[PDB]
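Student: here is my input, please return the structure:
(chains A and B)
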Amino acid sequence: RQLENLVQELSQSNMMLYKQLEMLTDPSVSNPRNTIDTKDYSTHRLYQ
Amino acid sequence: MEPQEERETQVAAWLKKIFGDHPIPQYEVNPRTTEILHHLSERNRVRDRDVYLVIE
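Tutor: Residues are numbered from 1 along each chain as shown, chains lettered A, B, ... in the order given. What follows is the structure:
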């Protein structure tokens, strides 16, 4: 049980360090800057 | 080259588009009257599509 307590604490440490990695590696923007984005439909209307 | 039959067909289709509830007076059947309004309708569709794009 005494070792299991530290196992729980280390697992808590591992999960709270797991939860920080995915926030810094989010591909929100998905050369994309050179091309006209289809989501940016204002540029599409401008071209049309 | 759109013939005068297709020209007048597009004019007839454009008459109910423009007037709608407004009455449609009769035109003299000659190539001049059919020819002039064709360019007006052709550019009116273009500018209305463009203004649709601007509004959206």
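
Student: before we move on, which element is the residue of chain B found nearest chain A in?
Tutor: Using C-beta to the nearest C-beta, residue B:53 is the residue of chain B that sits closest to chain A, at 4.0 Å. (C-beta placed from N, C-alpha, C; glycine too.) Assessed by DSSP states H and E, residue B:53 sits inside helix B:31-55.

Student: can you tell me what sits against that helix?
Tutor: A:45, A:48, B:2, B:4, B:7-8, B:10-11, B:14, B:27 (C-beta atoms under 8 Å, 6 or more residues apart in numbering or on different chains).

Student: 6 Å - rerun?
Tutor: Residues outside helix B:31-55 that contact it (C-beta atoms under 6 Å, 6 or more residues apart in numbering or on different chains) are A:45, A:48, B:4, B:7-8, B:14, B:27.

Student: only whichever of these are buried, select them in PyMOL.
Tutor: In PyMOL syntax, the buried subset of the contacts of helix B:31-55 is picked out as below (16 or more other C-beta atoms under 10 Å in any protein chain shown):
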select buried, chain B and resi 8+14
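
Student: in JSON lines, list the contacts of helix B:31-55 along with secondary structure and distance to residue A:37.
Tutor: Below are these laid out as JSON lines (DSSP: H, G, I helix; E, B strand; the rest coil; distance: C-beta to C-beta, whole Å):
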{"residue": "A:45", "secondary structure": "helix", "distance to residue A:37": "13"}
{"residue": "A:48", "secondary structure": "coil", "distance to residue A:37": "15"}
{"residue": "B:4", "secondary structure": "helix", "distance to residue A:37": "45"}
{"residue": "B:7", "secondary structure": "helix", "distance to residue A:37": "41"}
{"residue": "B:8", "secondary structure": "helix", "distance to residue A:37": "44"}
{"residue": "B:14", "secondary structure": "helix", "distance to residue A:37": "36"}
{"residue": "B:27", "secondary structure": "coil", "distance to residue A:37": "48"}
